[PDB]
Amino acid sequence: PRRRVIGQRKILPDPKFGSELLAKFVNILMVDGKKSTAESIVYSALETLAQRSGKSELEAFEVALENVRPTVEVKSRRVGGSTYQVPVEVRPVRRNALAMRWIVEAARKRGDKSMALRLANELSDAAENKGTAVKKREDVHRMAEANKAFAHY
Amino acid sequence: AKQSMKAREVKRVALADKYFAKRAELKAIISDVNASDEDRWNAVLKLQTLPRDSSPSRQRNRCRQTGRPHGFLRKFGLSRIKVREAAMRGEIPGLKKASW
Amino acid sequence: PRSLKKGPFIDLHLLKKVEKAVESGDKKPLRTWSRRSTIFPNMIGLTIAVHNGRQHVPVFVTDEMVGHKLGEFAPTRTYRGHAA
Amino acid sequence: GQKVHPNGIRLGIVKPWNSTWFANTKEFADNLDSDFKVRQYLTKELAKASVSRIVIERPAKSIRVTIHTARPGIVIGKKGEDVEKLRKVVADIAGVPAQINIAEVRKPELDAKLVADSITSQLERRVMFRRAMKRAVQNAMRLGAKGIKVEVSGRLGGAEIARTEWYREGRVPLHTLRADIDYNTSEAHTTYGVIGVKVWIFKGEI
RNA sequence: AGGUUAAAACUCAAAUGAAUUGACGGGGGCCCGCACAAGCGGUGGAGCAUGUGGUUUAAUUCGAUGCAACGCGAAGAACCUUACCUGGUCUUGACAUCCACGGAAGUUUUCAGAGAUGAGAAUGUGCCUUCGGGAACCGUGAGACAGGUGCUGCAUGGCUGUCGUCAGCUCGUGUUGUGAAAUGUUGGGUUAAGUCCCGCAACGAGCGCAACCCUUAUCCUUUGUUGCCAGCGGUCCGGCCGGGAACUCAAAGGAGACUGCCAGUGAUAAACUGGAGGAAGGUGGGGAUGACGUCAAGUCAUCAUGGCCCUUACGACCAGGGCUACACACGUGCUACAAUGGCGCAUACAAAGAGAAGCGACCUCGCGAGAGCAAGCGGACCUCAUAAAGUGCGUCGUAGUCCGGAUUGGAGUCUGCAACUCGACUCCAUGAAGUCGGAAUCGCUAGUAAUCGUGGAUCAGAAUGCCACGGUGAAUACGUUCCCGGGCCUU
Ligand SMILES: [K+]
Ligand SMILES: [K+]
Ligand SMILES: [K+]
Ligand SMILES: [K+]
Ligand SMILES: [K+]
Ligand SMILES: [K+]
Ligand SMILES: [K+]
Ligand SMILES: [K+]
Ligand SMILES: [K+]
Ligand SMILES: [K+]
Ligand SMILES: [K+]
Ligand SMILES: [K+]
Ligand SMILES: [K+]
Ligand SMILES: [K+]
Ligand SMILES: [Mg+2]
Ligand SMILES: [Mg+2]
Ligand SMILES: [Mg+2]
Ligand SMILES: [Mg+2]
Ligand SMILES: [Mg+2]
Ligand SMILES: [Mg+2]
Ligand SMILES: [Mg+2]
Ligand SMILES: [Mg+2]
Ligand SMILES: [Mg+2]
Ligand SMILES: [Mg+2]
Ligand SMILES: [Mg+2]
Ligand SMILES: [Mg+2]
Ligand SMILES: [Mg+2]
Ligand SMILES: [Mg+2]
Ligand SMILES: [Mg+2]
Ligand SMILES: [Mg+2]
Ligand SMILES: [Mg+2]
Ligand SMILES: [Mg+2]
Ligand SMILES: [Mg+2]
Ligand SMILES: [Mg+2]
Ligand SMILES: [Mg+2]
Ligand SMILES: [Mg+2]
Ligand SMILES: [Mg+2]
């Protein structure tokens, strides 16, 4: 906004693990305010991921987030003349938000049976650097690299 | 509203009041489950003989100061415009601008 | 439709007209404005001129018309298509 | 833009209601209609009596009408003859025993309804509207109002194009809820049509 | 190339200079707003509801009709409503006052019509009354008159939208200028604010801002039934009973929030940033509240009103029809396209409100909508009245399907004189389009969006609209370069 008067809102940690990171992931996945449904989906997918891999749910989730998190994005900047796509560094909070949003969108786009299964498959693919939201991170990085010459506007 | 339109309503009210019970007992006979199959027919035929204006369903609530047939309010007997005017003048007891 | 426990509806004037017509050989059309009357199995054969709003159209009552209202056979709106 | 009614917005804060009775939904509309008819008859009958306010109460199976007037002698008549006649007619209209009380409006120049009616009578008598409004404002200010505003709208002076003209003195703080603002309107039926008059009078904050 | 000298006819009532107030600029500077940006969910695609344009019609009544008309007047068109059409009828008249005459008013039936209505046929003939009269209410007779939703919102009052809840708009006296005008109101800061401080040819004042109002968040006192159950005593385990006044709560009166305190910054100012305490911290959240004015904006069909117009008709009554039409176009919505789901069983947790020609329990009957009988309640007591989403278990396994529920056939229920045109709801069967929607476009910054149910006005019956109530409950805002609207100074 113009006035710069927006603070921050505290978020309760998730029940099973007490991680605000996972609580934010549940919030992103939630639709129509059905938080219990979102939590059940997330927990089922996390248990499937944990039994697929050798790490805990939090460790596997962190691996997937590390593989999907972007570092530099492109934003439009209009100056005297034409608008340029300037590459800008992404702050850590936005890195996490983008990683979660891309993962959720990719899982929703997948075509498996259940949403929990789709989320588990997407998380495993992210941990192995395959599939969507990983291609999305790659596309964002490619655009930033192509527009690197404009990193002074 | 027009004077004739107001007179229609007063006539309808008068007719309904006059024929109130003579309609009620006929309707009771018609709706009686244990009634015969010919007294029901006679009651049905007799109900049509009464003037149509005696049925209470023919009445249309109208503003008691203007005759407006739309925007009626039963609690005050007036249309919305007249209710607003009286409320602002302070003539409706206990009624003020609400806010919550 | 009308409840069974109340029986089919019929206007008293039309009932009197059909009673006076069936016993006699009167084949003249029975002019009426009562489109709300159910067709009863007692006036099959004679023609009833039902009002449609601006005129009386004659319907020849047959057996298959029993149970329908008189107005069902007197259309009220004139339509011939757009730009036809 | 449009403004809220100054009396209505203050009806529960600093201003009293003009009707004080309780009823259920069964008789609320009937009571409202009878009050309307009573006020109509009283206003028509006491046209020259300088009636400013008609308060109606219904204690129990009876009607009590308080008439605020600047000419109580004209209202009452000789040994209560006129007020007795009005009591009879009011009882007949309301269908219940009637009791009429007379309240004194001292300083009629500080009463919004009376000022508006006076201006309206002058306009119907073809007095200059400017002179009428200036006189009303000056009288109220001299009597000691903290403020007054007078507004006249219509075909002033028989002009083909209607307009609105207003004068104000002192302060008339219409946005202050606790301000004692007496507001009233009147209409004049001249040969060129209807002219509306509105009067606000400020009497200090409570 | 052209220069230089240099007319006239005809034509207009101006052409022009400087300066003033605005408005405007693809001029400058500084600010604000779901205005962008960051996000979430929609519309435009489908079916249906609803309004409008058009077309059609005897009539499809009239009005609104860039933003600021299009689920708008209408908070509810089968008859009525109704203002429109066809047909049948009346003329001081459906609705008032005045005069003359006959008569109590009223009730009960017959015929004709289709009704309006006409012709009758019986029953009463009361009530003050000096029993001269009346004085209600009817009918007839004239004529002053009644009547008009007929026209002009560009003659008007009243009421409303709108820029915009934007921070603005002005006046008195003084002073400057021949004058229009200017100053104040500009400037340095600051604020949500023409908010406040400082400066200053201005000194003051008014309408606006803020506050006073309602509601919500905390606490205290009083009162304690129909509301409550902590300590007790019983108990059919049901606050059920004796009780208790603690608690939730109901509603009256108070307290509390004021940059009040601390630190830093700042012009020894206004103020800003952070901290403590507190339920709440900087306008705590929401509402009400709409300045001078603008659009000859809307409404003569709520009402009122100047003028005009009709008067055996543009007035009045009735029946039937129409306002519900349908090659099409647009706006606003509802339901979906599914598995974060459908279906079956079981099982929790709300708030707000209404009710007497009303809400209607229990029991019985019916697959069901409902029906019969019949308590209680003008209500913290009774009824409406099971909240749903949610959770547990099972199944469906990606299919135009156990998705979707449009359309149609048959059979019913209820309201209502009367469901054909044209009501709502139920049962059986039927099972359309639709698999996430082009250009384009809308709403929203927090208990919001999204999603889930509940109630109310209108109302005999007739909500997917409108108004209101709770449950669950997000994402994102780096920033002001750009789009839209606006504020201040300057050019
Ligand atoms: K020459
Ligand atoms: K010349
Ligand atoms: K769409
Ligand atoms: K408009
Ligand atoms: K107007
Ligand atoms: K000068
Ligand atoms: K001056
Ligand atoms: K007029
Ligand atoms: K109709
Ligand atoms: K809808
Ligand atoms: K739509
Ligand atoms: K199906
Ligand atoms: K119907
Ligand atoms: K400018
Ligand atoms: Mg009228
Ligand atoms: Mg009705
Ligand atoms: Mg010039
Ligand atoms: Mg955007
Ligand atoms: Mg569509
Ligand atoms: Mg129209
Ligand atoms: Mg028009
Ligand atoms: Mg709307
Ligand atoms: Mg109709
Ligand atoms: Mg206008
Ligand atoms: Mg200014
Ligand atoms: Mg100035
Ligand atoms: Mg101020
Ligand atoms: Mg100054
Ligand atoms: Mg204010
Ligand atoms: Mg206009
Ligand atoms: Mg118009
Ligand atoms: Mg009709
Ligand atoms: Mg319509
Ligand atoms: Mg299905
Ligand atoms: Mg906002
Ligand atoms: Mg209803
Ligand atoms: Mg400003």
Side-chain angles (χ1 to χ4, degrees), chain A residues 1-4 6 9 27-38 41 77-79 83 88 91 94 97 111 113-115, chain B residues 1-4 6-8 11-12 33 47-48 50 52-53 55-60 63 65-74 79-82 97-100, chain C residues 1-4 9 11 13 32-36 51-55 68-72 74-84, chain D residues 1-4 9 12-13 24 26 153-155 160-162 168 170-178 185 187 189-196 205:
Chain A
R2 291 190 187 287
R3 293 207 146 283
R4 167 67 299 179
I6 298 314
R9 214 191 269 102
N27 276 343
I28 280 141
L29 195 128
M30 168 183 53
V31 311
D32 304 340
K34 305 183 85 150
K35 188 176 270 219
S36 53
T37 309
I41 287 170
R77 213 62 176 104
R78 163 153 282 208
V79 301
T83 315
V88 287
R91 50 211 228 261
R94 183 152 166 82
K113 286 301 214 220
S114 78
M115 172 77 227
Chain B
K2 291 187 308 179
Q3 302 293 84
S4 68
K6 304 201 217 160
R8 287 193 208 168
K11 178 219 259 269
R12 267 152 195 155
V33 51
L47 197 35
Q48 334 169 2
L50 313 181
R52 276 166 187 197
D53 274 350
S55 171
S57 277
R58 312 257 309 187
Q59 274 141 224
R60 178 77 173 205
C63 177
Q65 285 168 28
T66 73
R68 207 188 192 258
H70 271 300
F72 184 83
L73 274 178
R74 276 166 188 200
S79 51
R80 47 176 177 80
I81 305 169
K82 284 309 153 161
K97 286 187 60 93
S99 158
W100 63 95
Chain C
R2 163 145 207 160
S3 171
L4 275 196
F9 176 82
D11 262 290
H13 53 85
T32 190
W33 304 259
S34 183
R35 326 171 29 105
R36 58 219 208 113
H51 202 239
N52 72 341
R54 73 175 148 171
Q55 64 204 3
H68 290 206
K69 318 289 213 108
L70 275 187
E72 309 199 29
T76 54
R77 292 184 198 92
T78 289
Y79 179 60
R80 298 181 253 272
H82 305 279
Chain D
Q2 280 61 249
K3 296 96 156 91
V4 73
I9 202 51
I13 309 165
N24 295 304
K26 187 211 202 336
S153 310
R155 302 172 61 177
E160 200 64 50
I161 297 193
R168 202 231 321 276
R171 49 201 294 270
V172 185
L174 297 178
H175 278 66
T176 306
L177 295 173
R178 66 163 187 226
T185 84
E187 280 184 350
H189 305 266
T190 82
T191 89
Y192 297 103
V194 176
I195 287 183
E205 285 168 5

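Below, chains carry the letters A, B, ... as their sequence lines are ordered, and counting in each starts from 1.
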Side-chain donor/acceptor contact of [X] with base of [N] under 3.5 Å:
X	N	value
D/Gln2	E/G161	yes
D/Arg168	E/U170	no
B/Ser55	E/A460	no
B/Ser99	E/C214	yes
C/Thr76	E/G321	no
C/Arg2	E/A419	no
C/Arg36	E/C417	yes
C/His68	E/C420	no

Roughly how many Å apart are [M] and [N], using the [atom1] atom of each and rounding to a whole number?
N	M	atom1	result
E/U335	E/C229	P	39 Å
E/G320	E/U82	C1'	15 Å
E/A439	E/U340	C1'	33 Å
E/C34	E/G287	P	14 Å
E/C417	E/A114	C1'	15 Å
E/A348	E/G353	P	27 Å

Starting at atom [atom1] of [X], determine the distance to atom [atom2] of [N], rounded to an integer number of angstrom.
X	N	atom1	atom2	value
C/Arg54	E/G87	CZ	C1'	12 Å
C/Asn52	E/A59	CG	P	14 Å
B/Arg8	E/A116	CZ	P	15 Å
B/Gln59	E/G416	CD	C1'	14 Å

Determine whether neighbouring nucleotides [N] and [M] are base-stacked, defined as six-membered ring centroids separated by less than 5.5 Å with an interplanar angle below 30°.
N	M	result
E/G177	E/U178	no
E/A297	E/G298	yes
E/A6	E/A7	no
E/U190	E/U191	yes

For residues C/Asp11 and C/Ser34, report the shortest heavy-atom separation together with the two atoms involved.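 Shortest heavy-atom separation between C/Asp11 and C/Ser34 comes out as OD2-OG, 2.8 Å.
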Assuming nearest nucleotide by heavy-atom distance, tell me which of C/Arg80 and B/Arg12 is located more 5' along RNA chain E.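 Its nearest nucleotide lies further toward 5', so the answer is C/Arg80.
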Which residue lies toward the 5' end of RNA chain E, C/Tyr79 or C/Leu4, if each is placed at its nearest nucleotide?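 Counting from the 5' end, the first nearest nucleotide belongs to C/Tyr79.
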B/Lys82 (side chain) donor-acceptor with B/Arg80 (main chain) under 3.5 angstrom: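 Side chain of B/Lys82 to backbone of B/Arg80, a donor-acceptor pair under 3.5 Å: no, none is there.
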[N], OP1 or OP2 - any side-chain N/O from [X] closer than 4.0 Å?
X	N	answer
B/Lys2	E/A316	yes
C/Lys69	E/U421	no
D/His175	E/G208	yes
D/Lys3	E/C292	yes

Sequence neighbours left out, what passes ring pair (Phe, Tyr, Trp, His ring centres under 6.0 Å) with D/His175? Give chain and number order.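 None.
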Taking a pair as Watson-Crick or G-U wobble with both distances under 3.5 Å, which nucleotide is matched to E/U273?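 Per the H-bond distance test, E/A263.
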Kindly indicate whether E/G187 forms a Watson-Crick or G-U wobble pair with E/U57, where both distances must fall under 3.5 Å.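 No, E/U57 does not pair with E/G187, since the Watson-Crick or G-U wobble distances are not both under 3.5 Å.
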